[PDB]
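> Take these chains first, placed just as they are in the complex:
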Amino acid sequence: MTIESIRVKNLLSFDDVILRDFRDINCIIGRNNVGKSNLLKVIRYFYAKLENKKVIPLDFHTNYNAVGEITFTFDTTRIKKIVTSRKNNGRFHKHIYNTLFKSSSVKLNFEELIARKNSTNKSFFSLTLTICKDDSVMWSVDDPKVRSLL
C-alpha cells in the first residue's frame, strides 16, 4: 500500500474521522460537499504544509477545543525492503535510510532487529500536524528532511 490511514480531529466539518483500508480504486459518493470538499481541503492543506508552503490554517469544527490534528500514516514497508538490502549502495537509498528508518532502528537490540527482519513485518511512519488556537502549527517530527522526503 501507500497510505495506511488519515485521521482528522476537530477541523472544518470533521469531529473525529479516520479513513483506512485504502484500496487501489477509491470511489467517493454521497450528498454534495457534506465533507467531500472538506476532506479534499484537509488533504491539500496537509500536503501544502508538508512542503513548507505558507497556506492559511483550517477552521475549527468547535471552538471548545484548543487544537485540530491531521495524522497521516505512511506505509514504508517496501521502501525499507528497498534500502535495507546490501546491493543498493546508492546515495539516495543511503539518505532514505539515514532519514526515515534511522532513530527507530538504533534503539532496537539485536534480537528485535532480527525478529523484525525475518518476520513478514509491515513498517509504518506516522506524522501528525497540529493546529493550535493561535494559528501555530506543530509537527510530531521536527526534522524538515523527513517531511520533504515523505
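Good, I have the coordinates. Numbers count the residues shown, from 1 in each chain, chains lettered A, B, ... in the order given.

> Residue A:134: what's it in contact with?
With contact set as C-beta atoms under 8 Å, 6 or more residues apart in numbering, residue A:134 has no partners. Bear in mind the C-beta positions are built from the backbone N, C-alpha and C, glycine included.

> Using the three-state scheme, assign it.
coil (DSSP: H, G, I helix; E, B strand; the rest coil).

> That one and residue A:57, how far apart?
Counting by C-beta to C-beta, to the nearest Å, the gap between residue A:134 and residue A:57 amounts to 10 Å.

> How about whichever helix in chain A runs longest, which residues are buried there?
Taking DSSP state H as the criterion, chain A has its longest helix at helix A:36-50. Buried positions in helix A:36-50, judged by neighbour count with 16 or more other C-beta atoms under 10 Å: A:38-39, A:41-43, A:45-46, A:49-50.

> Make TSV from those residues and add distance to residue A:17 to it.
Listed next are these as TSV, based on distance: C-beta to C-beta, whole Å:
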residue	distance to residue A:17
A:38	9
A:39	8
A:41	13
A:42	9
A:43	12
A:45	15
A:46	13
A:49	18
A:50	19
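
> and which of the residues you listed is nearest residue A:87?
residue A:50 (30.3 Å; C-beta to C-beta).

> also put chain B on there:
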Amino acid sequence: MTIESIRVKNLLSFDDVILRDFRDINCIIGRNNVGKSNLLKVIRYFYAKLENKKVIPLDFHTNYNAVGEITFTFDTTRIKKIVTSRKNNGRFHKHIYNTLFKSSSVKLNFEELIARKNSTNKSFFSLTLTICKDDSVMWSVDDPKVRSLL
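Now chain B, sitting on the chains shown earlier:
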C-alpha cells in the same frame, strides 16, 4: 489628525521603519516597489487582522529575530472631545467612551484628570500587532471590541 505613526520592525523589506507627521496629502515617490508595495502590504495586513480576517502572515526580513511588529498610533483627541462632553448622551458616544477611553482614565486621580481636561492636550491610542516565528499573532490590546471600534 487621524494616524500619528506607523512602525514596522523586521517584516518584508523593512528593518525598522517609522512613519509619522502625516499631512493631508501624502505623495510617495522613489524607485519602483523598493518598499512601496511592501508598505501597502503591511497596512493592508494590519487592517485585515484588525477585522479578524484570516489572512496569511507576512514574511520576516531576517530570520535571526523571533517576531515582527507593526505599531499603529491613532489620534483620538477629537473623539475624546466628542464623547467626554455632557450633551451627547447617545448610545454610540457612551460605547466609545466605555471601550476606548475607559481603563485609561479610571487609573487617574482628580488632579491629573483636571490637568488633562483643561490643558491643550493630545490623546493617542497605540495598538501593536506582533507576529511570532510560528505564525501566531498577538495584540497589545486583548479586547476585540477595541479593535473593531478602531
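
> With chain B now part of the structure, what is the answer for the contacts of residue A:134?
Listed by C-beta atoms under 8 Å, 6 or more residues apart in numbering or on different chains, the contact set of residue A:134 reads B:136-138.

> again with residue A:113
Applying C-beta under 8 Å, 6+ apart to residue A:113 gives the contacts residue A:105.

> A helix includes it, no?
Yes. Secondary structure of residue A:113 (three-state DSSP): part of a helix.

> ok, and which of the contacts of residue A:134 reach chain A?
B:136-138 (C-beta under 8 Å from any C-beta of the partner chain).

> Buried among those residues? Need that as a selection in PyMOL.
Selection of buried members from these for PyMOL, criterion 16 or more other C-beta atoms under 10 Å in any protein chain shown:
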select buried, chain B and resi 136
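
> Tell me how many other residues surround residue A:127.
The number of residues packed near residue A:127 is 17, by other C-beta atoms under 10 Å in any protein chain shown.

> That one and residue A:70 touch, don't they?
No. The criterion here is C-beta atoms under 8 Å, and residue A:127 misses it with residue A:70 at 9.1 Å.

> Residue numbers of chain A in contact with chain B?
Neighbours of chain B within chain A, by C-beta under 8 Å from any C-beta: A:54-57, A:59, A:132, A:134-138.

> and residue A:97, what does it touch?
So residue A:97 contacts A:83-84 (C-beta under 8 Å, 6+ apart).

> same structure, new chain, call it chain C:
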Amino acid sequence: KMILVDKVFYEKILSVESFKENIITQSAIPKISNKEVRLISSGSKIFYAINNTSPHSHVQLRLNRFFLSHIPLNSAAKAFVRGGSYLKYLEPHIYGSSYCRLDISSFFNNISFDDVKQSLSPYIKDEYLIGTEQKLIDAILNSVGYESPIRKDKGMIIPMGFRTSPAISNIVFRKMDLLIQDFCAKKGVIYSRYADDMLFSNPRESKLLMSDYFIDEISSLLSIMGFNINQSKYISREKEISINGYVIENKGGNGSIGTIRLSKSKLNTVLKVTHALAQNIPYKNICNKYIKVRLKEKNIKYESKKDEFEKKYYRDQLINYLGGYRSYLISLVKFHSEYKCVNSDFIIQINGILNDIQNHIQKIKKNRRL
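Take a look at chain C, now in place beside the chains above:
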C-alpha cells in the same frame, strides 16, 4: 443552537409532576434535606445516595437526560461523555515515546459551587421562577447541590453518587481542560483526561515530562480554580507505562506507533477463574474465593426453597461474570479492529482466552439442563 432553559421549560419538561405543588402554590423549592440522603462509607471515601421516592431524584435524572447532555464539552474529557471510554482515553498516547500520569486530589469534593453557578449561568435564563423570591437557576442548583452534614463548613457541595455529579464536573472542568490542552499542545504533548486522571505523552525525544517544570506548570494551571495534584499518584516513565494494568509501549523514535496491551495482573483473575472452572471446584467456592460475590442469608427473597435458590443464584452470578469479562475483552478487540493499536501476540492470547471462556460458558449452560 445553544440550549436555553427558561421558566416554561422547567415547568413543562423538567418539573412535570415532581414539583407541581411547589410551582402552583408559589412556594420556594427546598434544599435536599438530610432525610433524603444516606451516607455510605467505602474505605476512606464517603458516598451520598438520594432516595428514589424523593422528587429530587426525578428532577435530577431528567436534568441529566435533557439539559446537561446538551451543553458542549472539551474533546480531552473522555469520561462520562457520550461515546467516551477508557480505551479512547489511552489511545492518543500510542504515538508518544515518554509518558506522564497525574491525578487530582478529591476532584468532586473540591468543586466549588460558585464555579458551578458561573458555568451553568449562560445556559440558563436569568428569570425569577417563583415570584421575586427564588430564581430559576437557584432552583436548578438546589436540584443538583447538597450540604454535607459531616462538613458544614463548605456549605454547598457536589457529592459523589448523585445523578448529575459527573456531568456537572465535566462542565465545570471544561475551563481547565481547555487551558491544559492549549498548554500541552503548544509544548507538543498529547493530553487526555478521564475524570480526575490526566495522561500526557511526548512523542518527540525529550525529558520534558520528567522534569519538575511540567508538574509545576500543571499545578499552576490547576490552582486557578482551586484544585491540587495528588503527588502519591504521579508517574513518569519512558518507552512504556503500566497504567492501572493497561500497558502502553513505544520503543521507537521518529514516526513510531505504540501498542496497548493488558498486563498479567489484569488477566490474573479471569485466568484463575477459567482454571478453577476447568478444575470442577464448585460454583459457590468460585464465586466466594475469586469474585467476592455471595448470597447473604438476609437477602433470601422467599423461604419456599433455599438450596435450589442458592444454586440458581450462584449459577447466575457465574454466567453474568463470564459474560461481563467476555464483553470487556471484545470491547478491547473492537477497539483494536477500529484503531489498530493493540499488540498482535496479545490479540492471539485474547482470542485463545475468548475461546476458552466461550467453551466454559457452553459447558455451564449445558450442565444447567442436567
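
> now with chain C: the neighbour count of residue A:127?
Using other C-beta under 10 Å: residue A:127 sits among 20 other residues.

> Kindly apply the preceding question to residue A:23 instead.
For residue A:23, the count of nearby residues is 7 (other C-beta under 10 Å).

> same question, residue C:357
By the measure other C-beta under 10 Å, the count of residues near residue C:357 is 19.

> now residue C:365
That count, for residue C:365 with other C-beta under 10 Å as the rule, works out to 11.

> With adjacent residues omitted, what lies nearest to it?
Leaving aside its chain neighbours, residue C:365 sits nearest to residue C:319 (7.5 Å; criterion: C-beta to C-beta, 6 or more residues apart in numbering or on different chains).

> for residue C:288, same thing?
residue C:294 (5.5 Å).

> And that neighbour, how far from residue C:41?
20 Å.

> The two: who's more crowded?
Ranked by neighbour count (other C-beta under 10 Å), residue C:294 and residue C:41 place residue C:294 first, with 14 against 8.

> Let me know the secondary structure of the more buried one.
coil.

> And for the residue lying closest to residue C:95 once chain neighbours are set aside, the neighbour number?
Ranked by C-beta to C-beta, 6+ apart and with sequence neighbours excluded, the top spatial neighbour of residue C:95 is residue C:203, at 4.9 Å. Neighbours of residue C:203 under the rule other C-beta under 10 Å: 26.
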